[PDB]
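Chains as they are written, first to last, in the authors' numbering: chain A, 136 to 245; chain B, 764 to 833. Report on the structure given below.
Here is the structure:
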C-alpha cells in the first residue's frame, strides 16, 4: 500500500474472510518504497519463522523495534478473524508522545 | 424513502475526553434522499474495532462510559 506521504500511523487492521494466517508480518517504508523496516510480527513460532523472541515485552531501550507475538494468530474464528496492530501499544514512553521523537519516528510511514 | 443505495458519510464528528468517559457529538449527512435508520459508534484503544454501540437516527450525542484513565 502506497500513501505517497508521511503519515503518523496509529493502527493497521485486517478483517479476514478465510482463517487468519499462522504467520503474518507488517512492514513500513520511511522513503517512498526503497527500503523496508518491520513494524509488527504475528506467528506461532516467532523464533523459527521471523527470527524474533516469542511474546517479547516492549523495551524502553528500543521502542523503534518490531515485536513478535502469538496473539491474534488462532485459527478460530475460521471467518471474520481480526488482526489490529496498535503502533503505540506497550511502548513505555507512549504516554509522553509529544515530547518523544523516538516514537514520533516509529509511527511515521509512507 | 431511499434504500436503493448505502448511506452517505456523516457531516461532522466531535469528541470530548474525560477521566473514565468520552462525550461524542455528531451531525447527519448532507444528503436526505438516502434514508438513515441510525448511528453506529465504534470505540477502543489504538483501533476502533474493540466495541460497537448502535443508536437510533434521532440521537445526536452519546457519552461512551467505563473507560481506562490515560
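By construction, the Cβ of each residue, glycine as well, lies at the ideal position given by its N, Cα and C atoms.
The distance from the Cβ of residue 208 (chain A) to that of residue 157 (chain A) is about 6 Å, consistent with a contact at the 8 Å cut-off. When Cβ-Cβ separations below 8 Å define contact, residue 145 (chain A) makes contact with chain B. One finds nothing in chain B with a Cβ atom closer than 8 Å to the Cβ of residue 189 (chain A); even the nearest lies about 21 Å away.
Under the DSSP assignment, residue 240 (chain A) falls in the alpha helix (DSSP H) whose first and last residues are 236 to 241.
Classified as buried, residue 222 (chain A) has 16 or more neighbouring CB atoms from the shown chains inside 10 Å of its CB.
Around residue 216 (chain A), the same chain offers 151, 154, 155 as residues with beta carbons nearer than 7 Å, after the five sequence neighbours per side are excluded. Listed in chain order, the beta strand (DSSP E) runs fully inside the segment 148 to 230 of chain A are 158 to 163, 172 to 178, 217 to 221, counting runs of at least 3 residues. Taking a 10 Å sphere around the C-beta of residue 198 (chain A), we find 16 or more other C-beta atoms and assign the residue as buried. Inclusion of residue 820 (chain B) and residue 788 (chain B) in the CB contact set at 8 Å is not warranted, their separation being larger than that value.
In this structure, the CA atom of residue 800 (chain B) is about 27 Å from the CA atom of residue 830 (chain B). With respect to the C-alpha of residue 772 (chain B), the residue from B:782, B:764, B:765, B:802 having the closest C-alpha is B:802. By the C-beta density criterion, residue 218 (chain A) is buried, having at least 16 other C-beta atoms within 10 angstroms.
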